[PDB]
Engineer: 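Sharing a structure below in structure tokens format, with a few things to ask.
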Amino acid sequence: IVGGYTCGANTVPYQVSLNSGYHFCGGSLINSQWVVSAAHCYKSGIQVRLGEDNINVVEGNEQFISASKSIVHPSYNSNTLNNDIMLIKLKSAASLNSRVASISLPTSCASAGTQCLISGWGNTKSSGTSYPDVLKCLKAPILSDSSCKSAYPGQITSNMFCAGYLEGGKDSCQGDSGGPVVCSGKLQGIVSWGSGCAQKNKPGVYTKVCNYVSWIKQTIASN
Ligand SMILES: [Ca+2]
């Protein structure tokens, strides 16, 4: 997260870190057994880390639970990033309390102008590299479909939305991928892609979670 703020420990209780020996992507806990992330974050051997603030220090609220199964969206296209969503099942159920909690799925799609909370452990610089150890947060609005398409001609599908600031300086970034965009207490987006980070006229692009609620529910119900 570039141009954000330190969230505070366990203030984003649905945020998870996906770990394969190291943090590599975010995700969102949607029930005791299941995490939403980006399909482009897929790999084998994932350990889901819940209750994290500093990802390099054991602070006392963590739950580390290996994944049993990952399910990339049936129509994920890694070239275009269309349908950039996957589900990860935990080998055992997480213990839920105020520091580790699921986030609700949306019942309707959010609108341009709505304020959301984007979070993650990704790079905090737009030029060069600095990774935080504690969770960063950014409040940002959803942008109009027209301004999103004008920013990224030929690239924005109906399964994507832009959020952030066209002036630059505030955005998600590498290492945030797969993490949440939460608006009015609902998971509306997944950190997906963008041109660089925090660049002028290059806002963040997010997977539009409301399009996937029926797939998510039916997949969980049978897996
Ligand atoms: Ca920790």
Side-chain angles (χ1 to χ4, degrees), residues 1-7 12 15 17-18 23-28 36-42 73 75-86 106 109-132 134-184 186-212:
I1 303 287
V2 178
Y5 62 101
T6 295
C7 303
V12 189
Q15 172 83 232
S17 169
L18 305 184
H23 168 83
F24 67 90
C25 273
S28 301
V36 175
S37 186
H40 86 257
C41 293
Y42 165 76
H73 192 276
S75 299
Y76 172 58
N77 181 310
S78 60
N79 294 325
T80 62
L81 299 181
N82 197 28
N83 308 294
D84 191 13
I85 186 170
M86 65 180 301
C109 297
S111 300
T114 299
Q115 290 291 338
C116 306
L117 184 70
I118 310 177
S119 49
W121 288 276
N123 188 4
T124 62
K125 299 198 160 168
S126 55
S127 293
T129 300
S130 183
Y131 289 84
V134 300
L135 187 66
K136 300 284 178 177
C137 275
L138 176 64
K139 290 184 180 182
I142 297 180
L143 298 172
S144 67
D145 186 56
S146 60
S147 68
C148 189
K149 292 176 163 172
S150 294
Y152 293 106
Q155 300 157 75
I156 305 299
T157 76
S158 64
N159 300 307
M160 298 172 191
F161 66 90
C162 290
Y165 297 91
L166 298 177
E167 61 263 44
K170 297 183 280 203
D171 197 4
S172 58
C173 200
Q174 281 71 219
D176 293 320
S177 290
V181 181
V182 165
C183 321
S184 302
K186 308 303 179 159
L187 182 68
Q188 295 283 186
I190 302 165
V191 179
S192 182
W193 64 275
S195 187
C197 307
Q199 303 300 298
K200 184 176 179 187
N201 293 141
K202 294 294 176 179
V205 191
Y206 299 92
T207 308
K208 188 170 174 168
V209 173
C210 64
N211 294 357
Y212 298 98

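Here, residue 1 is the first one in the sequence, and each next residue gets the next number.
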Engineer: Step by step, work out the side chain to side chain donor-acceptor pair (under 3.5 Å) result for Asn159 and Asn211.
Structural biologist: CA-CA 7 Å; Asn159 300 307; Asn211 294 357; 2.9 Å; yes
Engineer: Side chain to side chain donor-acceptor pair (under 3.5 Å), that's the test. Do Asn82 and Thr157 meet it? Break it down for me.
Structural biologist: CA-CA 7 Å; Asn82 197 28; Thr157 76; 2.7 Å; yes
Engineer: Step by step, work out the side chain to side chain contact (heavy atoms under 4.5 Å, CB included) result for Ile118 and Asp176.
Structural biologist: CA-CA 9 Å; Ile118 310 177; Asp176 293 320; over 6 Å; no
Engineer: Not counting sequence neighbours, list each pair that qualifies as a side-chain hydrogen bond (donor to acceptor under 3.5 Å, both in side chains) and has a residue in residues 111-120.
Structural biologist: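 Listed by first then second residue: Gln15-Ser119.
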Engineer: Starting from the C-alpha separation in whole Å, work towards a yes-or-no answer on side chain to side chain contact (heavy atoms under 4.5 Å, CB included) for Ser192 and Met160.
Structural biologist: CA-CA 9 Å; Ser192 182; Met160 298 172 191; over 6 Å; no
Engineer: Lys149: what forms a salt bridge (charged side-chain N to carboxylate O under 4.0 Å, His left out) with it, not counting sequence neighbours?
Structural biologist: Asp145
Engineer: Could you measure the distance from the CG atom of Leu117 to the OG atom of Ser184? Nearest 0.5 Å is fine.
Structural biologist: 11.5 Å
Engineer: First locate atom OH of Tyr5, then atom NZ of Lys136, and finally report the distance between them rounded to the nearest 0.5 Å.
Structural biologist: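 Atom-to-atom, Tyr5:OH and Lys136:NZ are 11.0 Å apart.
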Engineer: Any non-hydrogen side-chain atom of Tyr152 less than 4.5 Å from a side-chain atom of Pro203?
Structural biologist: yes
Engineer: I need the full list of salt bridge (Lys or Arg N to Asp or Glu O under 4.0 Å) pairs touching residues 76-86, with sequence neighbours left out, sorted by first then second residue.
Structural biologist: none
Engineer: Any chance you could measure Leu18, atom CG, to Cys25, atom SG, to the nearest 0.5 Å?
Structural biologist: 6.0 Å
Engineer: Where is the tightest heavy-atom contact between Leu187 and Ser28, given as atom of each residue plus distance?
Structural biologist: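 Heavy atoms of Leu187 and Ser28 come nearest at CD1-OG, 3.6 Å.
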Engineer: Counting distance only, does the side-chain N/O of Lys202 pair as donor-acceptor with the main-chain N or O of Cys197 below 3.5 Å?
Structural biologist: no
Engineer: If you look at every heavy atom in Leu81 and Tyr76, which pair is closest and at what distance?
Structural biologist: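 Smallest heavy-atom distance, with atoms named: CD2-OH, 3.3 Å.
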Engineer: Show the nearest heavy-atom pair for residues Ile190 and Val181, with the distance to one decimal.
Structural biologist: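 Smallest heavy-atom distance, with atoms named: N-CG2, 4.3 Å.
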Engineer: Can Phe161 and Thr207 be said to form a side chain to side chain contact (heavy atoms under 4.5 Å, CB included), step by step?
Structural biologist: CA-CA 7 Å; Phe161 66 90; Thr207 308; over 6 Å; no
Engineer: How long is the straight-line distance from CG of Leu138 back to CD1 of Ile1, given to the nearest 0.5 Å?
Structural biologist: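 Those atoms lie 6.0 Å apart.
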Engineer: I'd like a table of donor-acceptor pairs (distance under 3.5 Å, sequence neighbours excluded) in which one partner is a side-chain atom from residues 164-172, with atom names and distances.
Structural biologist:
unit_1, atom_1, unit_2, atom_2, d
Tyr165, OH, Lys139, O, 2.7
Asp171, OD1, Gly204, N, 3.4
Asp171, OD2, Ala198, N, 2.9
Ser172, OG, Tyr206, OH, 2.8

Engineer: What pairs with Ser17 under side chain to side chain donor-acceptor pair (under 3.5 Å), at least two apart in sequence or on another chain?
Structural biologist: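 For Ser17 the side chain to side chain donor-acceptor pair (under 3.5 Å) partners, ignoring immediate neighbours, are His23.
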Engineer: Check for a donor-acceptor pair, side chain of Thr124 on one end and backbone N or O of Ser130 on the other, with a separation under 3.5 Å.
Structural biologist: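 Yes, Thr124 side chain to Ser130 backbone: donor-acceptor pair under 3.5 Å.
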Engineer: Write down the atom of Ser177, the atom of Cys41, and the distance for their closest heavy-atom approach.
Structural biologist: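 Smallest interatomic distance, heavy atoms only, reads O-SG, 3.6 Å.
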Engineer: Restricting to side chain to side chain donor-acceptor pair (under 3.5 Å), what partner residues turn up for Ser78, sequence neighbours left out?
Structural biologist: none
Engineer: Nearest 0.5 Å please: distance from the NZ atom of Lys208 over to the CD1 atom of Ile156.
Structural biologist: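 Answer rounded to 0.5 Å: 11.5 Å.
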Engineer: Can you establish whether the number of heavy atoms outside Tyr131 located under 6.0 Å from its atom OH is more than 12?
Structural biologist: yes
Engineer: Quick one: pull up CD in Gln155 and OG in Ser195 and give me the separation to the nearest 0.5 Å.
Structural biologist: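 If I round to the nearest 0.5 Å, the distance is 8.5 Å.
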Engineer: If only atom types and distance count, is the side chain of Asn83 paired as donor or acceptor with the main-chain N or O of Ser75 below 3.5 Å?
Structural biologist: yes
